[PDB]
Protein chains: 2
Amino acid sequence: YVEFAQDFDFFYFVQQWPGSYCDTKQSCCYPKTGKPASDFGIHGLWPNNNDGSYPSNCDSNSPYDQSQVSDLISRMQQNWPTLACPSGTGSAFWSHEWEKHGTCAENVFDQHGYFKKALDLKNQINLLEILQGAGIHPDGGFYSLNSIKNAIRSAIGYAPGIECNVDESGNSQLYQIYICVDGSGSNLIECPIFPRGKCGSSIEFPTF
Amino acid sequence: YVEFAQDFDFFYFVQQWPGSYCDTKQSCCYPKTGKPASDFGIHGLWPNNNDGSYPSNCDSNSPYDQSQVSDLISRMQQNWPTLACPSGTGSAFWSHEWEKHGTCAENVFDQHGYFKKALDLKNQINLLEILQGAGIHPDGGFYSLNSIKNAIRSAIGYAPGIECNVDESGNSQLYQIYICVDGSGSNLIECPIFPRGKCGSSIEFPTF
Ligand SMILES: Nc1nc2c(ncn2[C@@H]2O[C@H](COP(=O)(O)O)[C@@H](O)[C@H]2O)c(=O)[nH]1
Ligand SMILES: Nc1nc2c(ncn2[C@@H]2O[C@H](COP(=O)(O)O)[C@@H](O)[C@H]2O)c(=O)[nH]1
């Protein structure tokens, strides 16, 4: 039989701050069920390569099948909300993450395993609590990039990747936080490489 | 529906018109082999899916090696020129196409097979001859998008995908032509889905 090699090296576990996704010039919409909790939400678990490149949309014959994760839906509704317009259930977002990223790690996790791992990592890495534990709150104030990185490093033991975007007022703000997981999906690891964060020395942590 | 490949659905065989790549606000540079012939050049062979998505960067451990295509180099220099700046040999362009697209079909064609297939497809489909036979010439004049599509469809049996970019005056021009091939790369097929053309009803076919 033909043996196929893994198409990726490690994973980026990415979380987004709703306050930064919703205060730009573009529109954002709360899920049909209402305003999500003021906590970071899961964006996705992304297979990536050591050289910075990453595989995407790896298996057209492995379409998202929500029935395979029915027992995880309530947790996904709370921890993986969609903020796109018009107001959605979250399914289009979850389907997109599985088809674009999950399929590229099919040899490691099937659909249930993929979403479960993301949920477990989310509970393992509570960014809001870690940051507020260090006096960094989503109150519209400004914080140094290094204070954010180090507060997280001291808490989980690994250096995070920080991505920023811009609000309407033109201020640079904390948008997404990346944590690396080994290729086997078993444990956290230091990131072999970090994407361009586009952050200033000091950034805003907007209220939501 | 019929499938011919395991991880993706079909292929887009894409060719570019040099006159349209070189007359925009961006710079273009003739390759080290000199000014290319005034004919369409290969852009690449791209695995694509029925839902519009496409796999990309499927194997970072499979770098492009010119040794794998040594016997195809002459054909590649003549039919697959790079027009990017600064003037290049073409290796960076061919390497990019393999890394981004070729690797995603590595279980169908290896490097030599991939480049050979693209070269063979170009031999089979002479777009310039087909168009000029239908009175559509690269003389800077405008032609109907429909007449361009009909000419190609009458010749090969299926409608092509047509993509337009913009020239210095802002006008849409015939830039790239997409031909659909099944997942095995052995036969032309009706396109399950077409690229967003961004073409007006009348487009220019610029000189080169
Ligand atoms: N960042 C983000 N994308 C969302 C959300 N809901 C739906 N989407 C969609 O998911 C895509 C994310 O692609 P990715 O960043 O995983 O490669 C977005 O471009 C958008 O179409 C949301 O709440 N946040
Ligand atoms: N269209 C085009 N791209 C070229 C050429 N030479 C080098 N390139 C590079 O190849 C890339 C094409 O990526 P693709 O369209 O295959 O996904 C471009 O972004 C550019 O960096 C050329 O002659 N035409």
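Lettering of chains follows the sequences in order, A, B, ..., and the numbering in each one begins at 1.
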Looking at [X], I'd like to know if its [atom1] atom is crowded, meaning that more than 12 non-hydrogen atoms belonging to other residues, nucleotides or ligands lie closer than 6.0 Å.
X	atom1	result
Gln6(B)	CD	no
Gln26(A)	CD	no
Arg75(B)	CZ	yes
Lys35(A)	NZ	yes
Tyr143(B)	OH	yes
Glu129(A)	CD	no
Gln78(A)	CD	no

Select one option (side chain, backbone, both, neither) describing which atoms of [X] are under 4.5 Å from chain B's heavy atoms.
X	result
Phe4(A)	side chain
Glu99(A)	side chain
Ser53(A)	side chain

Non-hydrogen atoms of chain A under 4.5 Å away: do they reach the side chain of [X], the backbone, both or neither?
X	result
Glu106(B)	neither
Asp9(B)	both
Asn50(B)	neither

### Task
Check whether any side-chain N or O of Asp7(A) sits under 3.5 Å from a backbone N or O of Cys58(B) as a donor-acceptor pair, and report yes or no.
no
### Task
Using the side chain to side chain contact (heavy atoms under 4.5 Å, CB included) rule, pick out the option among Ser56(B), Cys104(B), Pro55(B) that qualifies with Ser56(A).
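The option that passes is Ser56(B).
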### Message
Among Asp51(A), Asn57(A), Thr103(A), which residue has the highest count of heavy-atom pairs closer than 4.5 Å to chain B?
### Response
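Heavy-atom pair counts peak at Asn57(A).
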### Message
Working to the nearest 0.5 angstrom, can you tell me the gap between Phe8(B) CZ and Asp59(A) CG?
### Response
11.5 Å
